[PDB]
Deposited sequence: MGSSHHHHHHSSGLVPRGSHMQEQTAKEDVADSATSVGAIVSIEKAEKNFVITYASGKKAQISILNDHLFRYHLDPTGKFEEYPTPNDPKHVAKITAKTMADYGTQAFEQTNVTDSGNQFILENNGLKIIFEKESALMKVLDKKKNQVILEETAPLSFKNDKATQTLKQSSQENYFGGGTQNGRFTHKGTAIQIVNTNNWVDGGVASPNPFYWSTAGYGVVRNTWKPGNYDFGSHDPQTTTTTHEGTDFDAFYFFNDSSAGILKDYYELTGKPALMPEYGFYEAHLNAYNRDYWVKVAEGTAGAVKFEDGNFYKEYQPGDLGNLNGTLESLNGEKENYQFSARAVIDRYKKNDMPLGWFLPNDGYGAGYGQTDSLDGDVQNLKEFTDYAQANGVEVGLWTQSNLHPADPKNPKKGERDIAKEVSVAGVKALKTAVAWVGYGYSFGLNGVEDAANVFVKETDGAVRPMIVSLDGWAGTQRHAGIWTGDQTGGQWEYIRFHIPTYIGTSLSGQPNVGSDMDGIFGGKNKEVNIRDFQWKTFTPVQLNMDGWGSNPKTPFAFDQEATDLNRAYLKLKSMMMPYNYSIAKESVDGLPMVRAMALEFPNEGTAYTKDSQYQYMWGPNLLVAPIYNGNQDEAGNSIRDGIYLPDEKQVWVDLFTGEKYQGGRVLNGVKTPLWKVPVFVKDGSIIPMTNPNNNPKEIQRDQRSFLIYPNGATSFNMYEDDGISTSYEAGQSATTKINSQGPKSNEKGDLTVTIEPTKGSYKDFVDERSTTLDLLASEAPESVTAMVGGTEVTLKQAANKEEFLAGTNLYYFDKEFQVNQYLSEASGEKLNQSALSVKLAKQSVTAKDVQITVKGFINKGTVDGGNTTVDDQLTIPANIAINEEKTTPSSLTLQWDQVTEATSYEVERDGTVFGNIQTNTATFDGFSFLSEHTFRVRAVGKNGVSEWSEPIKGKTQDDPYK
């Protein structure tokens, strides 16, 4: 312990705290809610922590202390207030008890103590530990990719480069956590740590990092978006993926292995287009067998075994494919020549072919990306500069084999790679890097994938959902994983369920070559293939929405959102009651199927669907079925074709034509799927999709406003598309406009103003007239959000919509105002009417209680459960008070005895 504080002095650039031990700390005030506290036993007070190697020059911070300016520091006063020293600016009171040295921070806007040390910093055992008060309602997020976990109260998390990709490991640590009390802390260290959020003593949180230094950035903010924006201003805004990065990729090696003709039914046999069965061999496993060597371009009497042939199969199977890594395999390489330049020419010809097919090429790496002598490369070296400038590579994946050391290593590597992409293309290619073993800052260059796990089993989904959520809460919105795992497979239902929910996630990797079957969306039967295509096409149609929430995640909430981000006033949104669902942007609640529980009809039984907000209607995206929030639904029947996705009524979802890659998007069209519910709004972002020019303001935004009746009510609806602001290379100014307004009745009238001039709309007599014509509207009871899913599910999945089409117009010069009179979107709402119209001892397990007494509701520890279809209900996931009420046609009853 450094002892009592004897003095706090305002120096030229920071406040100097002198402890009775003679140890000093510097407080740097960066803005009115962010400060750095640096207790440096060495007295050097260097701006940056020591990395694990001096060549690791990429910094945690993206903004220097000097870049924040001196204003907040100038406007912070130190006062000697008897038993305390106080630092005070417009934002914070930082209060230090003189005798104990304990720091506490009053947020002056809240007039509440947000952070309070309860024991002094401890430097024992070559670690630096802070001990904080933990309050009963205080929750904690962050830590990076905390495999299986997102909400950390009552647990400890390891801030360690664990190189463990399965539940309970850490695929990508981050020394960043935040408290729902309204603070975030970045430990300014490259050293591993352990954050114990009151795992045995619930009133104490301890944060420990190895080392002899205590250096931390403390930021105070009253919103989760503000905490993340603080983290991003400090450590770097997330990179915005190029549009193609949101599309599934195919990853494997096509330069190294051999295919041997085998019998059908041979272990590992794969059928090819010649109608024969082949089994894949590494060259060293061939033994006396003879096979056909793979190549990227299939130029060697081997076309069906080539990387080109895989592009052709995704095309033949009409599957989206954004990008392709053809060298993803240990020692695989990307050419078979005697030179790097010969291999780069082979890869360039692959990239020409991939690009002719609308697919970008990335490379995997297990190594440094530069030759020992770039002017004289050796065969088998890497030269990301030539790979980029000569071969046209646009993306990079960093194997643990490269970045496995962790901490400063990965950040240095991905920073250097990002700079090469940009420099070699003069900014024509923005970075597209997928990494792991990250740290604070990684997000500004790279997204993460979660590493190697076994698919073909429900645990593959179950642990991934919270993993994504917690990754995103850690300031990494660009998260992905392998589609149905790198290992295993042979479980059709898991495969379909994985493609389903990852539609509503950023990055999808078909990590092929290691599994129980090929890793593609067409590896299973036609039922699975058509479902996977349907969900992949839905993602392609959602690209304007997805790109818009991606833009938001550059300086705001991430794309995968913990329930608490969108519903901060509900306790359920913070706990493991929210571990298996999330908001995909603001507008979609995704509650993936994550276990094999079923009925005899093969329907999955989904428990614990938490629908927030007693005042909010949630709309099944596929069927239009409506559900009242403020409840957790158990026993929800979910057919194989379906993933539980609910639209937040009010949602504007920008859409586009189904497409297999960004070059197939019609840039001369725009389309909005709207669920009007009072006054809502959406900001649609666009840019050139590929370059760094967005960072220099080459982008455009379009504000869409929907102003109509509340859910299920009738009224006037005004949809206003404000003029598009901004421009960029190959910006298309002249676009047609579609609105698909979910509606339950034909309107009284639909009128259209374009830049203040009326456009006469005709009522289409039928769908074919509507589809053929422009300046029309059409009330359609056969509206399909996803025709591929309708066809794949064997369900029509018809919904009712009022669709409106306007002719091409200048989107910059002229707005759109559509007025619908007699607008209504009414359906029956499950739990819509909350109007007031024993413990079964023999069934008590260790962790499940069964209560007995058109449906019922039960309150479990202050959380309301619904969809209880019979005369009993069991509650589990226990290591409790039960009230029950009846549900009928005309409302409910009041709470029975606790």
What gaps appear when the modelled C-alpha atoms are mapped onto the deposited sequence?
1-35, 873-881, 898-903, 930-933, 953-963
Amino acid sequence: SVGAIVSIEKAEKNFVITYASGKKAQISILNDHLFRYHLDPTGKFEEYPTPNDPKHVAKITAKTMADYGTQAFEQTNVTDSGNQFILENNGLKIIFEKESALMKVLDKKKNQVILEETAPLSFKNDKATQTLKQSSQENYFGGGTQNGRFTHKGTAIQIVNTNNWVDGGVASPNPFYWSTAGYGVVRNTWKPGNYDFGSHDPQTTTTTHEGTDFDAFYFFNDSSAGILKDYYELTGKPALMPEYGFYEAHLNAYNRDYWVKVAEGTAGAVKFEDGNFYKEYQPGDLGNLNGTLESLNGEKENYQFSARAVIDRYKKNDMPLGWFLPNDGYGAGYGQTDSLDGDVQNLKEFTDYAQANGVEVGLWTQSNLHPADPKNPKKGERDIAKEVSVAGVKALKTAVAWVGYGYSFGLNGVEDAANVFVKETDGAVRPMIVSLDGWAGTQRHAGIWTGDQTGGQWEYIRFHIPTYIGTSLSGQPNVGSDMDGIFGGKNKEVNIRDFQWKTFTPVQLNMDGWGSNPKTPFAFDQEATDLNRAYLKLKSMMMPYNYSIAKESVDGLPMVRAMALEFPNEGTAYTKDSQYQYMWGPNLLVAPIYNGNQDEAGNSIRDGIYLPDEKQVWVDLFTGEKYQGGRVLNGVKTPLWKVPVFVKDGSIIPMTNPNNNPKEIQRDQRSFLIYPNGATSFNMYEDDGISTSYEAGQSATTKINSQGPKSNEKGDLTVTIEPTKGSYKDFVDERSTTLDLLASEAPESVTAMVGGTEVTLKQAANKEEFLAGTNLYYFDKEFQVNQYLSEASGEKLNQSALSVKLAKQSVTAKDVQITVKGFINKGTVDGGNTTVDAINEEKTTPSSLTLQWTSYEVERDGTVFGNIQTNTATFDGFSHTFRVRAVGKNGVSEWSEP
From here on, numbers count along this sequence of modelled residues.
As stated in the PDB record, which stretch has the larger average Cα B-factor, 213-221 or 743-751?
743-751
If you average the CA temperature factors as listed in the entry, which stretch comes out higher, 501-509 or 569-577?
569-577
Among 256, 445, 110, 250, which residue carries the highest C-alpha B-factor recorded in the PDB entry?
110
Among the choices 391, 771, 157, 359, identify the one whose CA B-factor in the record is greatest.
771
Can you work out whether the C-alpha temperature factor of residue 104 puts it in the lowest, middle or highest third of the chain?
middle
Position of residue 64 among the chain's modelled residues by C-alpha B-factor, lowest, middle or highest third:
middle
Residue 272 CA temperature factor, ranked by third within the chain
middle
Using the B-factors in the PDB entry, rank residue 656's C-alpha atom against the chain and give the third, lowest, middle or highest.
middle
Grab the CA temperature factor for residue 600 from the record and place it in the lowest, middle or highest third of its chain.
highest
